[PDB]
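Residue numbers (PDB author numbering), protein chains in the order written: chain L6, 2 to 109, 129 to 176; chain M7, 63 to 184; chain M6, 3 to 199; chain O3, 2 to 107; chain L7, 134 to 244; chain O2, 2 to 128. No residue lacks a Cβ here, since even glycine has one placed at the ideal position from N, Cα and C.
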Amino acid sequence: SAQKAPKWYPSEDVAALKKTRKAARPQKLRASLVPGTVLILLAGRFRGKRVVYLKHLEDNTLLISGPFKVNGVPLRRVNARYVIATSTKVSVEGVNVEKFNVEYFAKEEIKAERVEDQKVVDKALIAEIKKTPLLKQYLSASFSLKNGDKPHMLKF
Amino acid sequence: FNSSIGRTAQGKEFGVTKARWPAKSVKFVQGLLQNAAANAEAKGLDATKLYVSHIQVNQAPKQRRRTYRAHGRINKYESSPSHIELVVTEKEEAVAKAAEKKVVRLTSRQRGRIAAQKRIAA
Amino acid sequence: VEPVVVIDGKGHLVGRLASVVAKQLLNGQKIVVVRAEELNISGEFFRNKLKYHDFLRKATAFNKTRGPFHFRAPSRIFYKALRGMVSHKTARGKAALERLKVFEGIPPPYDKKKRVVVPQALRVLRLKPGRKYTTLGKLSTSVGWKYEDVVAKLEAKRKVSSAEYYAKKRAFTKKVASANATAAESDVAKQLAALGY
Amino acid sequence: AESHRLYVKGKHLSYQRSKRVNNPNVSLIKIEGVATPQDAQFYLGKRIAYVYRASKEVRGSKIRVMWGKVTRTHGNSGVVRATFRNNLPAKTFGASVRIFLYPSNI
Amino acid sequence: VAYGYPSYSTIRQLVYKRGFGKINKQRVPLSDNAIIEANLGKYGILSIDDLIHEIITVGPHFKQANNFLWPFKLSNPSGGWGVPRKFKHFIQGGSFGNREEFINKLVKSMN
Amino acid sequence: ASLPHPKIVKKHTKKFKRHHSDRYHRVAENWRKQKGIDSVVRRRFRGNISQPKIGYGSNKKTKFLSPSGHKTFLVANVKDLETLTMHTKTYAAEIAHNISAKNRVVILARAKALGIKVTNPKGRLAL
RNA sequence: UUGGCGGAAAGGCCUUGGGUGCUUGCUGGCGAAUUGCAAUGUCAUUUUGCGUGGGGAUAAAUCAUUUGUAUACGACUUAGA
RNA sequence: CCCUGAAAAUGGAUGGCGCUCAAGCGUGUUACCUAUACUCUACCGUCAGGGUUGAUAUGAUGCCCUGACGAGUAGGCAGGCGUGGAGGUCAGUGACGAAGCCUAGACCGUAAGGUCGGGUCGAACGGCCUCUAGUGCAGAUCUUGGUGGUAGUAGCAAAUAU
RNA sequence: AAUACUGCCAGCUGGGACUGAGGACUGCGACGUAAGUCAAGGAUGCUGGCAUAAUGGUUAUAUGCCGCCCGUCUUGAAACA
RNA sequence: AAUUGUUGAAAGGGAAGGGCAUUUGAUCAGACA
Ligand SMILES: [Mg+2]
Ligand SMILES: [Mg+2]
Ligand SMILES: [Mg+2]
Ligand SMILES: [Mg+2]
Ligand SMILES: [Mg+2]
Ligand SMILES: [Mg+2]
Ligand SMILES: [Mg+2]
Ligand SMILES: [Mg+2]
Ligand SMILES: [Mg+2]
Ligand SMILES: [Mg+2]
Ligand SMILES: [Mg+2]
Ligand SMILES: [Mg+2]
Ligand SMILES: [Mg+2]
Ligand SMILES: [Mg+2]
Ligand SMILES: [Mg+2]
Ligand SMILES: [Mg+2]
Ligand SMILES: [Mg+2]
Ligand SMILES: [Mg+2]
Ligand SMILES: [Mg+2]
Ligand SMILES: [Mg+2]
Ligand SMILES: [Mg+2]
Ligand SMILES: [Mg+2]
Ligand SMILES: [Mg+2]
Ligand SMILES: [Mg+2]
Ligand SMILES: [Mg+2]
Ligand SMILES: [Mg+2]
Ligand SMILES: [Mg+2]
Ligand SMILES: [Mg+2]
Ligand SMILES: [Mg+2]
Ligand SMILES: [Mg+2]
Ligand SMILES: [Mg+2]
Ligand SMILES: [Mg+2]
Ligand SMILES: [Mg+2]
Ligand SMILES: [Mg+2]
Ligand SMILES: [Mg+2]
Ligand SMILES: [Mg+2]
Ligand SMILES: [Mg+2]
Ligand SMILES: [Mg+2]
Ligand SMILES: [Mg+2]
Ligand SMILES: [Mg+2]
Ligand SMILES: [Mg+2]
Ligand SMILES: [Mg+2]
Ligand SMILES: [Mg+2]
Ligand SMILES: [Mg+2]
Ligand SMILES: [Mg+2]
Ligand SMILES: [Mg+2]
Ligand SMILES: [Mg+2]
Ligand SMILES: [Mg+2]
Ligand SMILES: [Mg+2]
Ligand SMILES: [Mg+2]
Ligand SMILES: [Mg+2]
Ligand SMILES: [Mg+2]
Ligand SMILES: [Mg+2]
Ligand SMILES: [Mg+2]
Ligand SMILES: [Mg+2]
Ligand SMILES: [Mg+2]
Ligand SMILES: [Mg+2]
Ligand SMILES: [Mg+2]
Ligand SMILES: [Mg+2]
Ligand SMILES: [Mg+2]
Ligand SMILES: [Mg+2]
Ligand SMILES: [Mg+2]
Ligand SMILES: [Mg+2]
Ligand SMILES: [Mg+2]
Ligand SMILES: [Mg+2]
Ligand SMILES: [Mg+2]
Ligand SMILES: [Mg+2]
Ligand SMILES: [Mg+2]
Ligand SMILES: [Mg+2]
Ligand SMILES: [Mg+2]
Ligand SMILES: [Mg+2]
Ligand SMILES: [Mg+2]
Ligand SMILES: [Mg+2]
Ligand SMILES: [Mg+2]
Ligand SMILES: [Mg+2]
Ligand SMILES: [Mg+2]
Ligand SMILES: [Mg+2]
Ligand SMILES: [Mg+2]
Ligand SMILES: [Mg+2]
Ligand SMILES: [Mg+2]
Ligand SMILES: [Mg+2]
Ligand SMILES: [Mg+2]
Ligand SMILES: [Mg+2]
Ligand SMILES: [Mg+2]
Ligand SMILES: [Mg+2]
Ligand SMILES: [Mg+2]
Ligand SMILES: [Mg+2]
Ligand SMILES: [Mg+2]
Ligand SMILES: [Mg+2]
Ligand SMILES: [Mg+2]
Ligand SMILES: [Mg+2]
Ligand SMILES: [Mg+2]
Ligand SMILES: [Mg+2]
Ligand SMILES: [Mg+2]
Ligand SMILES: [Mg+2]
Ligand SMILES: [Mg+2]
Ligand SMILES: [Mg+2]
Ligand SMILES: [Mg+2]
Ligand SMILES: [Mg+2]
Ligand SMILES: [Mg+2]
Ligand SMILES: [Mg+2]
Ligand SMILES: [Mg+2]
Ligand SMILES: [Mg+2]
Ligand SMILES: [Mg+2]
Ligand SMILES: [Mg+2]
Ligand SMILES: [Mg+2]
Ligand SMILES: [Mg+2]
Ligand SMILES: [Mg+2]
């Protein structure tokens, strides 16, 4: 031979994992995150966009809407930690939102269902946005830090 | 190999102060130059474009001779023969283009901006 | 915080300005210092003249060229105080020094630019009142600096063209101040009043 | 409009060091307008990015980023220590760096 | 050394957190009440608090109870020492000697 | 297809080169321990090269695993190759450096048909 | 485009008049999604290179020769359509 | 506290710059920076204490649990790496290319080293258990041979001349 | 009366960092009327990106900090041994 | 092998070489499935 050969071979029998003890318990949200709060999207596609918070989804995400007619953001998923919850707040007590689950956003252009679902949610919102002046404009502006803005200082 | 050599204006042509006129080297190189010319004549090479493309010198085995130093001593008095080789070559223009094609690979977030830049504009 | 920081050297204590200028440099901040001849030094004039002569006598014995170099101009005096506080033989040190310019008087560009002041090197805030101090242009002149009179001449002229600048400016803010008054009491105004403006 | 910045400006000061030995595994970041320890505990956990340019295009861009995170406060003047997926290159000492706003908690 | 008078609280939190047992040497973590009774049940003492009680009161079996405990391995004080230089007496503004009940603040930071 | 193994961590991947191997040609890089009385290296002065020592020793669990996860086994011919027949997720066969052109095609092919991995499968290949 | 100022490194500042774009001063219509829950997500300014054409311009220095106010050699100072 | 007392030879040192309600002296209070130390964890080794011959697979000097420890000249011991030759064995490698040599190519070992790819090459050679010694080099103003820097340098000027 | 100060709580609670060794079961418990459940003898769940020089190794260079010639004899060597 | 010529790449403000670390350039293993 060129190499001798080991006296012992390690059995290729693959073990099974110990019975781990890690229950997936539900994610409680920081108190500033209540439905109908205006968020600032801190990163991703719609960064710096101000956007209305709707539902807390089962995969921990957050349901938002532009409204699309205000600023171009659709009904969408967003991660709760990439967001600044402001203190300004519309009442969402006339928005359906029940329709909207995780599976709703399975990947599987725009499904006509979505284009409609957008309009039904949006209309409810706008009708409430219009209730405080200038709010509709605010929701179409982007947030950016100006010279001197100190995040660890600014009330949002 | 130039240290303590003299200075001459003739070095200016080349940015140099130390240059020299080694006649036995010249006469040997142009000897071999002449031969490479002939060799290209018989090859059919267009003499109008020949340029010296590779010309190297390194050292042939030395040659021992000895001189006689004070208090009855002997010291090597060697020669430094050389090995000369050169090649001429028909100069030729251009080279054309042609190369890879660069495999572009970009994430789903990186094709969306592209597609939207053209969806949006030109 | 700003691309360039122009420091009016006037009224600052050398080593303290040198010390904040040094750190700024090493933290990426470009800096030009102006009016280096109106810089100050603690202790009276004679002490710092002597001190300078102590410095003046050191040189490479066998060749006074290679030895230390004694620059007379108040800027360069300052630069020396400053380079002493930078790891100037490292690359990073040379990196940082290029971000620095010292000047006697206030030459073009920087005379139209606003210049700032360093409170923690301001002599009027630092030195105990009753202490004696030194002006850098006086010191520099007693040790061979040539150009104290030419600088003061150019500065006096520059201050003349600047007093006009100010004067026109103060005249115009009087309009703006008067304009803003009639706009006060209006709806915009009392609303902004509310929001702190 | 004119502004777009979603980060706080930063500066790469030194590595963590003694008088005569540095530790490239921890950079020390100066955060614009953070001046005490109490101010800088806000930025703990934020992600940092050092953006830089290069000649070879890569994934179809000539712009590259080393990512990190603020991990703890440093001294009394609102300096902050941070670590990166790959240590920062010591030429970056005095360069600009981007401290983001996420993982947020507002 | 620095020493002083331990409070029940710091004896409690010493045994609970960094209390180990010498059992055939083998510095054993105390983690279960049955560990103790096996080796100290001989003398009463069948719980971790039965230990702490025997220690804090200096019982009849303080020798065997206290020796059953491996030396406690503390870290440096977490807020620092409070003095500029350590190797003076507590009375002289250093750290060593009997600082009496001030030992508890020291030890609690080292635990 | 190798047996599962913990993340292979190597501990000191830089070759321990002999002190002053960088200085005189005569001094090969192969590690040699300094015995000199003053040697900064032997004395472990701060700034010098480090030396082999048992702390550096690889994790028993992952020791001898090359990347894939397979301890390699030198193979000279099929019968050698076949000793890995019950062990394809633990050992890879490396063909010996002196095995002839033709003989390597037999081993490769037999290795393929047996499910045994091979580490240097393009040696003397007739491409 | 009118007139004027600035030499400390001015090389920038002010003023006249029309042309044209924008205007979030206020009130409207349309658009934005699928970049999929983040991955700087690319928007600065350096120098050079290659062809295109809208202006503009058509030298010298060196070797060699020569002087000797110069010179170890270089270098210096002269002369030569 | 400060000043005087207070004189030496290259230029010059509170470490440097510099500092004067200090960045000086006395003294107090805090916070802060960081050792191969301390605490917790992972791994390597060493020592120690346990457990395990029950067949029907693979190490019993093994396998499994657990604790503690780790500086080192002279020096001791241990376990290993590498060479020349010898017994046994693998019915081992090889002219379809052995040995050697090259190679900021790959992999294994803490390391001595081991393995492979390619190129050059041309006739032999290796693994494992043993045996054996003329068995490992950086030094010895070491032995022999070869080669540099010096350096196109010192120099090639006595004897009248072409 | 209050407050400070000092001490205690097997009181509640937010932000940040590093680690995730082990691999069926077995132990000590906790919550539950119960069935069951659990944070109780060591990380799992959900989602995305790339499947590549992206990560990683080597190497050359740059940058921060650090690094005196080895051998020897010697109380003491980088030594002007 | 020392040492040398050529070609290619790269660095060099009073030596050079080394350690830990990372940028950049070059180069390469493995693993996906
Ligand atoms: Mg469970
Ligand atoms: Mg919760
Ligand atoms: Mg909460
Ligand atoms: Mg809009
Ligand atoms: Mg030479
Ligand atoms: Mg000469
Ligand atoms: Mg010379
Ligand atoms: Mg000579
Ligand atoms: Mg020259
Ligand atoms: Mg002679
Ligand atoms: Mg004789
Ligand atoms: Mg010679
Ligand atoms: Mg776009
Ligand atoms: Mg679009
Ligand atoms: Mg810097
Ligand atoms: Mg900078
Ligand atoms: Mg000098
Ligand atoms: Mg200096
Ligand atoms: Mg710098
Ligand atoms: Mg004052
Ligand atoms: Mg630094
Ligand atoms: Mg530090
Ligand atoms: Mg790193
Ligand atoms: Mg630097
Ligand atoms: Mg505290
Ligand atoms: Mg602390
Ligand atoms: Mg302390
Ligand atoms: Mg002290
Ligand atoms: Mg503690
Ligand atoms: Mg290794
Ligand atoms: Mg040795
Ligand atoms: Mg030494
Ligand atoms: Mg010694
Ligand atoms: Mg075969
Ligand atoms: Mg082969
Ligand atoms: Mg001028
Ligand atoms: Mg200027
Ligand atoms: Mg000009
Ligand atoms: Mg207009
Ligand atoms: Mg606008
Ligand atoms: Mg862009
Ligand atoms: Mg042209
Ligand atoms: Mg003519
Ligand atoms: Mg005093
Ligand atoms: Mg001297
Ligand atoms: Mg003194
Ligand atoms: Mg001081
Ligand atoms: Mg000091
Ligand atoms: Mg004090
Ligand atoms: Mg305090
Ligand atoms: Mg230490
Ligand atoms: Mg350690
Ligand atoms: Mg430990
Ligand atoms: Mg046993
Ligand atoms: Mg030892
Ligand atoms: Mg061993
Ligand atoms: Mg052996
Ligand atoms: Mg042998
Ligand atoms: Mg050979
Ligand atoms: Mg080769
Ligand atoms: Mg190689
Ligand atoms: Mg391999
Ligand atoms: Mg290798
Ligand atoms: Mg291998
Ligand atoms: Mg090979
Ligand atoms: Mg081959
Ligand atoms: Mg061969
Ligand atoms: Mg033959
Ligand atoms: Mg054999
Ligand atoms: Mg033997
Ligand atoms: Mg011998
Ligand atoms: Mg040796
Ligand atoms: Mg050796
Ligand atoms: Mg030998
Ligand atoms: Mg030798
Ligand atoms: Mg030798
Ligand atoms: Mg030796
Ligand atoms: Mg020798
Ligand atoms: Mg020689
Ligand atoms: Mg000659
Ligand atoms: Mg000569
Ligand atoms: Mg002579
Ligand atoms: Mg003669
Ligand atoms: Mg005669
Ligand atoms: Mg209290
Ligand atoms: Mg409590
Ligand atoms: Mg695990
Ligand atoms: Mg595990
Ligand atoms: Mg119950
Ligand atoms: Mg549970
Ligand atoms: Mg790849
Ligand atoms: Mg691809
Ligand atoms: Mg890479
Ligand atoms: Mg690959
Ligand atoms: Mg890629
Ligand atoms: Mg990557
Ligand atoms: Mg290279
Ligand atoms: Mg290198
Ligand atoms: Mg040093
Ligand atoms: Mg040596
Ligand atoms: Mg002696
Ligand atoms: Mg001795
Ligand atoms: Mg001594
Ligand atoms: Mg020595
Ligand atoms: Mg000496
Ligand atoms: Mg020099
Ligand atoms: Mg490296
Ligand atoms: Mg697969």
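Kindly list, in the order they appear in chain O3, the residues whose Cβ is closer than 9 Å to that of residue i.
i	result
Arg-94 (chain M6)	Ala-91, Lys-92, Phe-94 and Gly-95
Cβ atoms of residue j and residue i: under 9 Å apart, would you say?
i	j	result
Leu-7 (chain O3)	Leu-102 (chain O3)	yes
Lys-12 (chain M6)	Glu-40 (chain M6)	yes
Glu-150 (chain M6)	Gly-132 (chain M6)	no
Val-91 (chain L6)	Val-74 (chain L6)	no
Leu-40 (chain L6)	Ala-86 (chain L6)	yes
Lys-118 (chain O2)	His-71 (chain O2)	yes
So residue i contacts chain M6; which residues on that side make the cut at Cβ distance below 7 Å?
i	result
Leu-14 (chain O3)	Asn-29
What does residue i reach in chain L6 if we use C-beta pairs closer than 9 Å?
i	result
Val-9 (chain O3)	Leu-165, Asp-169, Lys-170, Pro-171 and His-172
Closest Cβ-Cβ distance between residue i and chain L6: below 9 Å?
i	result
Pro-104 (chain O3)	yes
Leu-75 (chain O2)	yes
Counting only beta-carbon atoms, is residue i nearer than 9 Å to chain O3?
i	result
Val-3 (chain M6)	yes
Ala-98 (chain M6)	yes
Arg-128 (chain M7)	no
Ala-44 (chain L6)	yes
Under a CB-based cut-off of 9 Å, is residue i close to chain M7?
i	result
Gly-61 (chain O3)	yes
Residue i touches chain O3 at which residues, Cβ-Cβ below 7 Å?
i	result
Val-84 (chain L6)	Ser-105
So residue i contacts chain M6; which residues on that side make the cut at Cβ distance below 8 Å?
i	result
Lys-31 (chain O3)	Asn-29
Measure the beta-carbon distance from residue i to residue j and round it to whole angstroms, keeping in mind my assumption that it falls under 8 Å.
i	j	result
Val-66 (chain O3)	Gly-46 (chain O3)	So it is not a contact: roughly 18 Å between Cβ atoms.
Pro-210 (chain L7)	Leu-239 (chain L7)	6 Å
Residues of chain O3 with CB under 8 Å from residue i, in chain order?
i	result
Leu-112 (chain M7)	The premise fails here: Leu-112 (chain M7) is roughly 39 Å from chain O3 at the closest Cβ pair, so nothing lies under 8 Å.
Run down chain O2 in chain order and give the residues with a C-beta less than 7 Å from the C-beta of residue i.
i	result
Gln-4 (chain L6)	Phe-74 and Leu-75
Residues of chain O2 with a CB under 9 Å from the CB of residue i: which are they?
i	result
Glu-13 (chain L6)	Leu-4, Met-87, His-88, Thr-89, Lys-90 and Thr-91
Chain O2 beta carbons: is any one of them nearer than 9 Å to that of residue i?
i	result
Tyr-158 (chain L6)	no
Residues of chain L6 with CB closer than 8 Å to the CB of residue i, please, in chain order.
i	result
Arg-6 (chain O3)	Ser-164 and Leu-165
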